[PDB]
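Everything below concerns the one structure shown next.
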Amino acid sequence: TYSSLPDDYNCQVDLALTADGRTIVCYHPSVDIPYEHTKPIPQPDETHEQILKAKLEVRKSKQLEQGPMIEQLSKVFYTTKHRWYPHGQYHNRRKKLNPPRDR
Amino acid sequence: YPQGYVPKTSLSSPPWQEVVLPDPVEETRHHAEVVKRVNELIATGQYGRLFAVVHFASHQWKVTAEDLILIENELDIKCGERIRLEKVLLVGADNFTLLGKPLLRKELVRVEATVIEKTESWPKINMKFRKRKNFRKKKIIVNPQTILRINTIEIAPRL
Amino acid sequence: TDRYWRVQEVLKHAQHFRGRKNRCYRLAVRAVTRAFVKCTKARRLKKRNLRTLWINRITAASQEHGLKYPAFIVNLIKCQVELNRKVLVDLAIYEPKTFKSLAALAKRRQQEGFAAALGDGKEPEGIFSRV
Amino acid sequence: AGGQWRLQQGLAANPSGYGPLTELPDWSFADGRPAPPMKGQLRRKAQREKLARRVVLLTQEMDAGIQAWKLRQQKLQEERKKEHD
Amino acid sequence: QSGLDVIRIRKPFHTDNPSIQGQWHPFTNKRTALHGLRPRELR
Amino acid sequence: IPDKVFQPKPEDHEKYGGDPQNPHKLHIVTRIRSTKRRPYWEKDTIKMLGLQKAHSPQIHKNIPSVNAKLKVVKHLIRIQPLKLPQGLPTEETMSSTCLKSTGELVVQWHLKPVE
RNA sequence: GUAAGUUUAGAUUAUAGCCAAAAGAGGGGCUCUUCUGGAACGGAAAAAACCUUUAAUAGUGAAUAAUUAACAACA
């Protein structure tokens, strides 16, 4: 129990100074989650797109109106309606076509 | 009630809680024991990718294999020539790490890299804020630059 | 007879402006100088902003382990650890296991520091407090 | 930060001050050839050498400044004790 | 000089192995419970 | 300024650990403040002493003329007595000198940690 | 401690401040005279005049300065 911090979450931490004292030795082997502390995968019986269709169900007046459509979209993602509004041509053209990607 | 007895209350005890350190004599044995096991780990070479912190120029760079580092100045070294960085303060493995105090011994760690390119910097505006600024009152810097590619990191069990 | 090229020199830097400013030389010239002045000033402020971001991220990482930022820095200095603030952020992000090991080392030094104060100096220097 | 503690240990308050980390060369050739001395290190080295020569010169001048006083006192002392015939 | 374009470089470092010990995620440093019981679960 | 300020007391000797005999010879002075918004006489004295740059070490003699000049700028400088544990450097060791923050000028720099 | 100074010859420009802070003098807040300091890109909320600040250069370094706040009465 030499370590001053709990070792049960991330990894076992063993801090030791070399005999000469010129170096500090740290051993950090990882710790796995106990089987008994985990739940089994749900036995009762998937692409995220499928959930989106069910979440954004078309129920009233066939396809919903623009405002209600934004409201339904806003509720699902906990976002404001202002985000969903479109933007004009001037700003749309300004966007860089090919942003650089490295690695 | 014994002398110097204070009943525990909100103000009687400090908010912080006292702790007891292990006895030094046995503690040092653990310190030695940890080194011995780690020394075996180094001897067995049970590691893959490694990361090392190296201080070059006036900056500290955390480094790993295949890393590219840019230094904004000339170095006087031809491109494609391998060079050894002599200032390493930290080296790490998958399950262990080593820390210098403030630097490790030269024997323990050897790090080598190669010079890729010598270049300068893109223009840097240097305009001035003076009444009647004028459109022909500015300067450009375009400082020199150099490119370095990390090649290898070498360690041995010399604890 | 080359006044057109002088206009082009201003235009190339003012093509991305908005309104009649981007197309009026009287206005375009003024904006270009102000834009150049703004960029020059921002160079110094950029470095300071980056340091502030590094400090904030370290505090969050330290607070995740329950350690305050001032305590961690002081203990590392007392331990002859000379890692810079920028590198400290990198270690936490990509070496959480090492960062936790660093947290324990700093915590042990702080505990030794508290022990040293309680000892009043009669006790010898701690194993991790040796300089 | 930490300058006060470093001063207590006798080290430089700023880690970037006088220390092996700053003073020592930052690299060497893979072949083992020593790296050329750093221009900043050489410039710093020159100033220290100049100061050292000044320090020695001052003390030499100081030694005469006090020693001469003793030689002027001897002249005063011998002058007081005078005789003839 | 190389054929590479000379313009402002956003980052002075390029690495193909950013992480060695694994990237931090929120579940890091979070303690588990017996049977993996979720909070407030009567069970 | 009255001389009583510079007349030491027995407690002061213990506090600063300085013996009244064998007074130190050389002063170490560094400028710690700006001369802007200061009177001209203060500005002139700093220029004469050569402390134009702040935090710059300077070698000065502990002599009455230097002492008088330092007193005028006392509040703008830090005075530390120079110590020579190993004595004055030689010509061979002139290049190995180094002044520590403790106030001791070593004549040999071995590049070994004090630890 | 430090590096300029005196004389001879030629020659112009400048010749209206501002504010802070001291010492006087009239008023009895003001009205003046005399001495000192100032002109941030930091700080006092925005802040020409107060405080910290020797010039200006690139850097994804480091140590510091001033720094809007402060913790009823019995003998």
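By order of appearance in the structure tokens: chains A, B, ..., then residues from 1 within every chain, and ligands from 1 in the order shown.
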Fill in: Contact set, chain G to chain B: 12 Å, only C-alpha atoms (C1' of nucleotides), as a ChimeraX atom specification
/G:41,56-62
Determine, for each residue of chain B having at least one atom at most 6 Å from an atom of chain A, the closest pair of atoms and their separation in Å to one decimal, counting only C-alpha atoms; order by chain and ascending number, as CSV.
```
residue,atom,partner,partner_atom,distance
B:31,CA,A:16,CA,4.9
B:95,CA,A:28,CA,4.6
B:96,CA,A:27,CA,4.1
B:97,CA,A:26,CA,5.2
B:98,CA,A:25,CA,5.3
B:99,CA,A:24,CA,5.0
B:100,CA,A:23,CA,5.2
B:101,CA,A:22,CA,5.6
```
Practice prompt. Using only C-alpha atoms (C1' of nucleotides), determine which residues lie at most 12 Å from residue 52 (chain B), disregarding the query and same-chain residues fewer than 5 positions distant; provide the list as a PyMOL selection string.
Written response: (chain B and resi 60-65+67+85+87-93+97-100+103-104+109-112+150+152-155) or (chain C and resi 83+87+90-91+95) or (chain E and resi 20)
Dump of N, CA and C atoms for the selected residues, as a JSON list (two decimals), in the first residue's frame:
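Wrote part.json, looks like this:
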```
[["chain", "number", "residue", "atom", "x", "y", "z"],
["B", 60, "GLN", "N", 10.54, 22.32, -25.05],
["B", 60, "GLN", "CA", 10.48, 20.91, -24.71],
["B", 60, "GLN", "C", 9.50, 20.22, -25.66],
["B", 61, "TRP", "N", 9.95, 19.13, -26.28],
["B", 61, "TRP", "CA", 9.16, 18.41, -27.27],
["B", 61, "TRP", "C", 8.94, 16.98, -26.78],
["B", 62, "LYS", "N", 7.68, 16.61, -26.59],
["B", 62, "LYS", "CA", 7.34, 15.21, -26.37],
["B", 62, "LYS", "C", 7.44, 14.48, -27.70],
["B", 63, "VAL", "N", 8.19, 13.38, -27.72],
["B", 63, "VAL", "CA", 8.62, 12.76, -28.97],
["B", 63, "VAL", "C", 8.26, 11.28, -28.98],
["B", 64, "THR", "N", 7.98, 10.78, -30.17],
["B", 64, "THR", "CA", 7.78, 9.35, -30.41],
["B", 64, "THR", "C", 8.33, 9.02, -31.78],
["B", 65, "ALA", "N", 8.40, 7.73, -32.08],
["B", 65, "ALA", "CA", 8.94, 7.29, -33.36],
["B", 65, "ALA", "C", 8.16, 7.91, -34.52],
["B", 67, "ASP", "N", 8.13, 10.97, -35.47],
["B", 67, "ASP", "CA", 7.67, 12.33, -35.25],
["B", 67, "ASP", "C", 8.49, 13.31, -36.09],
["B", 85, "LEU", "N", 20.12, 13.77, -30.05],
["B", 85, "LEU", "CA", 19.65, 14.74, -29.08],
["B", 85, "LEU", "C", 20.12, 14.34, -27.69],
["B", 87, "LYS", "N", 19.49, 15.93, -24.65],
["B", 87, "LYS", "CA", 18.69, 16.39, -23.52],
["B", 87, "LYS", "C", 17.36, 15.63, -23.51],
["B", 88, "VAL", "N", 17.30, 14.55, -22.74],
["B", 88, "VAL", "CA", 16.08, 13.79, -22.53],
["B", 88, "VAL", "C", 15.82, 13.71, -21.04],
["B", 89, "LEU", "N", 14.63, 14.14, -20.62],
["B", 89, "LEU", "CA", 14.25, 14.14, -19.22],
["B", 89, "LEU", "C", 13.24, 13.07, -18.86],
["B", 90, "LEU", "N", 12.55, 12.48, -19.84],
["B", 90, "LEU", "CA", 11.52, 11.50, -19.57],
["B", 90, "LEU", "C", 11.45, 10.52, -20.73],
["B", 91, "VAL", "N", 11.29, 9.24, -20.40],
["B", 91, "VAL", "CA", 11.08, 8.18, -21.38],
["B", 91, "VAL", "C", 10.02, 7.24, -20.82],
["B", 92, "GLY", "N", 9.12, 6.79, -21.68],
["B", 92, "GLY", "CA", 7.97, 6.03, -21.24],
["B", 92, "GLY", "C", 7.78, 4.76, -22.06],
["B", 93, "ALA", "N", 7.25, 3.75, -21.39],
["B", 93, "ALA", "CA", 6.89, 2.47, -21.99],
["B", 93, "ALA", "C", 5.41, 2.19, -21.71],
["B", 97, "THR", "N", 7.58, 3.95, -16.76],
["B", 97, "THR", "CA", 8.17, 5.20, -17.21],
["B", 97, "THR", "C", 9.38, 5.52, -16.34],
["B", 98, "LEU", "N", 10.28, 6.33, -16.89],
["B", 98, "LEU", "CA", 11.49, 6.76, -16.20],
["B", 98, "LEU", "C", 11.57, 8.28, -16.23],
["B", 99, "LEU", "N", 11.94, 8.88, -15.10],
["B", 99, "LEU", "CA", 12.00, 10.32, -14.95],
["B", 99, "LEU", "C", 13.40, 10.74, -14.53],
["B", 100, "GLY", "N", 13.96, 11.73, -15.22],
["B", 100, "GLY", "CA", 15.23, 12.29, -14.82],
["B", 100, "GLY", "C", 15.10, 13.24, -13.64],
["B", 103, "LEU", "N", 17.54, 15.08, -15.20],
["B", 103, "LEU", "CA", 17.85, 14.39, -16.44],
["B", 103, "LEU", "C", 18.35, 12.99, -16.13],
["B", 104, "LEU", "N", 18.12, 12.08, -17.07],
["B", 104, "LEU", "CA", 18.62, 10.72, -16.95],
["B", 104, "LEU", "C", 20.09, 10.66, -17.33],
["B", 109, "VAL", "N", 19.85, 6.21, -21.92],
["B", 109, "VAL", "CA", 19.02, 6.58, -23.05],
["B", 109, "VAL", "C", 19.89, 7.17, -24.15],
["B", 110, "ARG", "N", 19.68, 6.71, -25.38],
["B", 110, "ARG", "CA", 20.28, 7.30, -26.57],
["B", 110, "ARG", "C", 19.18, 7.55, -27.59],
["B", 111, "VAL", "N", 19.10, 8.78, -28.09],
["B", 111, "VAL", "CA", 18.07, 9.20, -29.03],
["B", 111, "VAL", "C", 18.75, 9.80, -30.25],
["B", 112, "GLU", "N", 18.30, 9.40, -31.44],
["B", 112, "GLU", "CA", 18.87, 9.86, -32.69],
["B", 112, "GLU", "C", 17.76, 10.31, -33.63],
["B", 150, "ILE", "N", 12.39, 12.26, -36.36],
["B", 150, "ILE", "CA", 12.85, 11.34, -35.33],
["B", 150, "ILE", "C", 13.10, 9.98, -35.96],
["B", 152, "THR", "N", 15.17, 6.98, -34.06],
["B", 152, "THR", "CA", 15.22, 5.83, -33.16],
["B", 152, "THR", "C", 15.38, 6.30, -31.72],
["B", 153, "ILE", "N", 14.99, 5.43, -30.80],
["B", 153, "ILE", "CA", 15.22, 5.61, -29.37],
["B", 153, "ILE", "C", 15.81, 4.32, -28.83],
["B", 154, "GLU", "N", 16.92, 4.42, -28.11],
["B", 154, "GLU", "CA", 17.65, 3.26, -27.62],
["B", 154, "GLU", "C", 17.80, 3.34, -26.11],
["B", 155, "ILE", "N", 17.51, 2.23, -25.43],
["B", 155, "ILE", "CA", 17.65, 2.13, -23.98],
["B", 155, "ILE", "C", 18.27, 0.78, -23.64],
["C", 83, "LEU", "N", 9.19, 19.63, -16.35],
["C", 83, "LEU", "CA", 8.30, 19.59, -17.50],
["C", 83, "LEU", "C", 7.55, 20.91, -17.63],
["C", 87, "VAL", "N", 3.76, 20.53, -22.21],
["C", 87, "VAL", "CA", 4.01, 19.10, -22.19],
["C", 87, "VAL", "C", 3.12, 18.41, -21.17],
["C", 90, "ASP", "N", -0.03, 17.46, -22.72],
["C", 90, "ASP", "CA", 0.13, 16.32, -23.62],
["C", 90, "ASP", "C", 0.17, 15.01, -22.86],
["C", 91, "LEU", "N", 0.88, 14.98, -21.73],
["C", 91, "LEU", "CA", 1.01, 13.74, -20.96],
["C", 91, "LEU", "C", -0.35, 13.26, -20.47],
["C", 95, "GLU", "N", -1.18, 10.06, -22.21],
["C", 95, "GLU", "CA", -0.58, 9.15, -21.23],
["C", 95, "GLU", "C", -1.31, 9.29, -19.90],
["E", 20, "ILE", "N", -0.22, 6.34, -27.13],
["E", 20, "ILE", "CA", 0.43, 5.07, -26.83],
["E", 20, "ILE", "C", -0.27, 4.34, -25.69]]
```
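Comparing the minimum interatomic distances between residue 34 (chain E) and each of A:38, A:33, A:96, A:5, counting only C-alpha atoms, we find that A:38 sits nearest.
CA of residue 55 (chain D) sits 12.3 Å away from CA of residue 106 (chain F).
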